[PDB]
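For reference, the structure discussed in these notes is given below.
Protein chains in written order, with the entry's author numbering: chain A, 2 to 120; chain B, 1 to 101, 103 to 128.
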């Protein structure tokens, strides 16, 4: 089980970035996964989730319409398309999933996180 | 309301949790130390948008309805607001549905900090 985030860096306000997460060690096609972010020095906030074979997607009220979550099930990679990035979006963004649902605590397994700076 | 340890142990025995599904009473008490620190009002927002509520931190994605959660399945037919009472019945009855589903592995604090350990230590000294 591996979740390797990539594609974070410096971007100016109003700009865009796409984060990619290389997933292995589990059946990507179906698993619930999501993105969670930690701003400085806030706690860990949920950003987006994509659930089940359905692909039913969901989003925080701070990012609806700006960010788009997507599985590319041919490369077992999970995508976060970030648009219209705004100062408050500076954070480490992590790829998360559950180790043994149904459970409490939400996502208990996550990658290494990739740093995004909007200035 | 922050329960005391024996206090909580004894509220748990009276509600049928001792050896419920085989999990001895120390398990349930230990679960609450690490989930809520004995705090009936504890609420944590989770990394997946759900929230856990109360003494046994019951999750709003699967088991309690709170209106603000993606994928809410509300499989205890209960509002999360009802699980925030002093008086642990609401939380105990939903804990019996959950444990009867994966056992106590539903509680991440239990899996990680209580399971396989001297759980009865948590009730040792109580009558």
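Beta carbons: idealized from backbone N, C-alpha and C, even for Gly.
Is residue i close to chain A, meaning its C-beta is less than 9 angstroms from at least one C-beta of that chain?
i              : result
residue 114(B) : no
residue 27(B)  : no
residue 7(B)   : no
residue 41(B)  : no
residue 109(B) : yes
residue 58(B)  : yes
residue 70(B)  : yes
residue 21(B)  : no
residue 101(B) : yes
residue 106(B) : yes
residue 52(B)  : yes
Which residues of chain D have a Cβ atom closer than 9 angstroms to the Cβ of residue i, listed in chain order?
i              : result
residue 108(A) : Absent here is chain D; the protein component of the structure consists of chains A and B.
From the DSSP secondary-structure annotation, give me the bridge partner or partners of residue i.
i              : result
residue 60(A)  : 49(A)
residue 36(A)  : 49(A) and 96(A)
residue 111(A) : 97(A)
Does any residue of chain B have a CB that is nearer than 9 angstroms to the CB of residue i?
i              : result
residue 102(A) : yes
residue 45(A)  : yes
Residue j and residue i - do their beta-carbons sit closer together than 9 angstroms?
i              : j              : result
residue 113(A) : residue 18(A)  : no
residue 50(B)  : residue 42(B)  : no
residue 6(B)   : residue 126(B) : yes
residue 110(B) : residue 34(B)  : yes
residue 97(B)  : residue 16(B)  : no
residue 76(A)  : residue 34(A)  : no
residue 116(A) : residue 80(A)  : no
residue 114(B) : residue 106(B) : no
Just confirm the distance between the C-beta atoms of residue i and residue j, as a whole number of angstroms; I'd bet it's less than 8 angstroms.
i             : j              : result
residue 22(A) : residue 46(A)  : Contact doesn't hold; Cβ gap of about 17 angstroms is too wide.
residue 21(B) : residue 100(B) : 6 angstroms
residue 37(A) : residue 47(B)  : 4 angstroms
residue 8(B)  : residue 31(B)  : That belief does not hold up - the Cβ atoms of residue 8(B) and residue 31(B) are roughly 10 angstroms apart, past 8 angstroms.
residue 92(A) : residue 24(A)  : About 21 angstroms separates the two Cβ atoms, so there is no contact after all.
residue 14(A) : residue 88(A)  : 6 angstroms
residue 83(A) : residue 20(A)  : 7 angstroms
task: May I have a chain-ordered list of the alpha helix (DSSP H) segments no shorter than 4 residues that lie completely inside the segment 3–45 of chain B?
output: Along the segment 3–45 of chain B, the alpha helix (DSSP H) occurs as fully enclosed runs of 4 or more residues at 5–14 and 25–36, listed in sequence order.
- request: Entirely within the segment 57–101 of chain B and at least 4 residues each: give me those alpha helix (DSSP H) ranges in chain order.
  value: Taking only runs of at least 4 residues, the alpha helix (DSSP H) segments lying wholly in the segment 57–101 of chain B are 89–100.
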